[PDB]
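For reference, the structure discussed in these notes is given below.
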Amino acid sequence: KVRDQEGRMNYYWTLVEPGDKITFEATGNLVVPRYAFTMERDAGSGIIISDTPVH
Amino acid sequence: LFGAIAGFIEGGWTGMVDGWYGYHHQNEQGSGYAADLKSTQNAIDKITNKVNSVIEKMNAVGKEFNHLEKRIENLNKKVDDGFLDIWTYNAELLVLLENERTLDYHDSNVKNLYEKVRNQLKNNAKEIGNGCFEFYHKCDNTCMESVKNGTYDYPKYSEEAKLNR
């Protein structure tokens, strides 16, 4: 038991290219998407871990 | 090392304020300081170029790994530390060498100025030894202007300086 749960949830992701299609088939145990993210790429970003305040 | 800045000239002049290297005269018309502007300008240009060359030669975030990628994390850490060590070493070494080269450059400039004045006065003056010459002739501000320019007339005072020598 972690967070008072005995079962588990595995989380998966994918990237769909323009003009391509994704297909979901199930007979159970699927947590379906509701919101997807259209994403645009440009270099010069990143992820930093900081406790510094933002101004 | 050329033995001029801390050598036969044993001290700097706070009086000199118009240049880095220069001259001090004691006529019957008065005393004064006067910098050698050509040498100072050339030195300033060369040192500015040196600083710019040091600047022009030099010119990220971390990655996250799970517990089953300790080898790749150690590889990343090794790469980062190795590059950091190399660049630290390069910066320190460059500064340390460049400082000596600059100081020797200034020493060479002072010694060359002394040499140029000596090869112009010859026997019409006497080397005191501290950096100065005592003229054997009584020649005025026009004289020291000529010495500073580099247009000294040795035959003009050769006879006059001979009796006093």
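Every number here is computed from the coordinates shown, using simple stated rules; none is lab data. Methodologically, a virtual Cβ is constructed for each residue, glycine included, from the backbone with ideal geometry; neighbour enumeration extends over all protein chains shown.
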Just checking, how many residues over the stretch B:124-165 are over 16 Å from B:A34 (Cβ atoms), hydroxyl-bearing (S, T, Y) and surrounded by 17 or more Cβ atoms within 10 Å (Cβ to Cβ)? 2
More than 16 Å from the chain's Cα centre (by Cα), more than 14 Å from chain B (Cβ to nearest Cβ) and small (G, A, S): is that true of A:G44 in this structure? no
The listed residue being within 14 Å of another protein chain (Cβ to nearest Cβ) and loosely packed, with under 10 Cβ neighbours inside 10 Å, out of B:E56, B:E64, B:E28: B:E64
Do we find that B:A6 is of a type in the set (A, V, I, L, M, F, W, C), more than 20 Å from B:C143 (Cβ to Cβ) and in contact with an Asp or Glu (Cβ under 9 Å, 6 or more places away or on another chain) in this structure? yes
Can you tell me which residue within the stretch B:1-37, out of those that are of a type in the set (A, V, I, L, M) and in a loop (DSSP other than H, G, I, E, B), is farthest from B:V147 (Cα to Cα)? B:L1
Any residue at all in the stretch B:39-52 that's under 19 Å from B:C132 (Cα atoms), within 29 Å of the chain's Cα centre (by Cα) and away from chain A (no Cβ under 14 Å)? yes
Any residue at all in the stretch B:67-81 that's over 22 Å from B:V147 (Cβ atoms), away from chain A (no Cβ under 14 Å), in contact with a helix residue (DSSP H, G or I) (Cβ under 8 Å, 6 or more places away or on another chain) and in a helix (DSSP H, G or I)? no
Which one of B:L37, B:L121 is surrounded by 12 or more Cβ atoms within 10 Å (Cβ to Cβ) and under 30 Å from B:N164 (Cα atoms)? B:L121
Single match in A:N29, A:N10 (criterion: away from every other protein chain (no Cβ under 14 Å) and either surrounded by 10 or more Cβ atoms within 10 Å (Cβ to Cβ) or within 16 Å of the chain's Cα centre (by Cα) (or both)): A:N10
